[PDB]
Amino acid sequence: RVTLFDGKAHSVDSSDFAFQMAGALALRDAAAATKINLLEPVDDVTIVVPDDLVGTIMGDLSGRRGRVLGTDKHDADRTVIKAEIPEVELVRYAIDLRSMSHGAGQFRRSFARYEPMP
Amino acid sequence: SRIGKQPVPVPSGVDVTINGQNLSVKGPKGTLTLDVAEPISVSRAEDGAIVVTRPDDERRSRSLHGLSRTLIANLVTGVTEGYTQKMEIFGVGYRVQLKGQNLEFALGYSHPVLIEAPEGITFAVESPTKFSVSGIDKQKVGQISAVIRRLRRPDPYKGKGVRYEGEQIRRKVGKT
């Protein structure tokens, strides 16, 4: 929210473009007068992996700052893992997972929301 | 010390000869010879045993006491019964088979590896993955068993190689 409470102008040297620039510079100064919050997106990831590798993937997500939401039994031998991971950590998630899984690693992602950087 | 004052029983079929410091033991599995250190005195307990005695209580004699006693005990139990230690081999394509006295191993090398049988010891393979080493002398059996064990470097990941009977090796995981 921007609240213009005062200002100055010239009888001859006042123009709409000049006031546009003045408002932009005032906003820039206000931004430099405080801190700026950076918001990064997070994508929910649902992964199907065998139950024998649950701990390894959970710890890998632990090193990936992932927030575990729940471990759902996909079937008698695989568990669906629901978790939201920042998109930065998912750039090379697939290759490492196929590693963490003898390729067995299958997952889907979808944008969830934006959150500030920790 | 505590081991030292325990006399060593002699089985019936065992012949024991003492010549000064020297000792010789003859039994069903063969003959063996030993020598004890000067401060330690060896005697034939007439009730059918061996007695080792240290005149002093100083460090060197007290250390040599139990050493000599255990050496004599191993000496007699080698000829009365013997020594036999068992080995297994783990992994795919890892095999053993005997060529007469010699022992032949396929350990994933480009070439097969061979081990001679030194004097006074024999190899007996039971299955292509399980074999045994037998001899009358404990020290030589242990030496050759260690040499066999060192054939392939430790493998914490897949556990391939030659292992002792009940050995529990440490293992880690290569995740990638």
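Conventions and cut-offs
- Residues numbered from 1 in each chain as written, not as in the entry; some residues may be left out.
- Chains lettered and ligands numbered in written order.
- Part of a larger assembly, values for the part shown.
- Heavy atoms only, no water.
- UniProt positions renumbered as here; feature names shortened; annotations may be inferred.
- Helix = DSSP H or I, 4+ residues; strand = E, 2+ residues; numbered from the N terminus.
- Rg over C-alpha atoms; globule rule 2.2 N^0.38 Å.
- Buried < 20%, exposed > 50% of the residue type's maximum accessible area, 1.4 Å probe, protein only.
- Contact = heavy atoms within 4.5 Å.
- Areas by Shrake-Rupley, 256 points an atom, 1.4 Å probe, with all protein chains shown as cover.
- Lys, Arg positive; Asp, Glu negative; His and termini not counted.
- Charge placed at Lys NZ, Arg CZ, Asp CG, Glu CD.

As recorded in the PDB header, cryo-EM is the method behind this entry, and the stated resolution is 3.6 Å.

The name given to chain B in the PDB entry is 50S ribosomal protein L6, and the organism recorded there is Mycolicibacterium smegmatis MC2 155. The title line of the PDB record says "EF-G2 bound 50S ribosome subunit complex of M. smegmatis". Taken directly from UniProt, the Sequence similarities text for chain B runs: "Belongs to the universal ribosomal protein uL6 family."

As annotated in the PDB entry, chain A carries the name Translation elongation factor EF-G and is attributed to Mycolicibacterium smegmatis MC2 155.

## Some thoughts on the overall build of chain A
If you tally the helices and strands in chain A, you get 3 helices and 4 strands. The C-alpha atoms of chain A give 24 Å as radius of gyration, which overshoots the globular expectation for 118 residues (13 Å, by more than 25%). In terms of overall dimensions, chain A has a C-alpha envelope of 80 × 25 × 20 Å along the principal axes. Expressed as a percentage of the 118 residues in chain A, the buried residues total 26%. Partitioning the intrachain contacts of chain A with sequence separation of at least 6 by distance along the chain shows that 72% fall at a separation of at least 24. In the structure as shown, chain A presents an accessible area of about 8700 Å², 56% of it carried by carbon and sulfur atoms. Taking the average location of the 15 positive side-chain charges in chain A and that of its 18 negative ones, the two points are 1 Å from each other.

## Description of the side chain of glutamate 104 of chain B
Residue placement: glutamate 104 of chain B occurs in strand β9 (residues 102-106). Among residues more than four places away in sequence, those in contact with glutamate 104 of chain B are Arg95, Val96, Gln97, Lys99, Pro112, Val113 and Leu114 of chain B.

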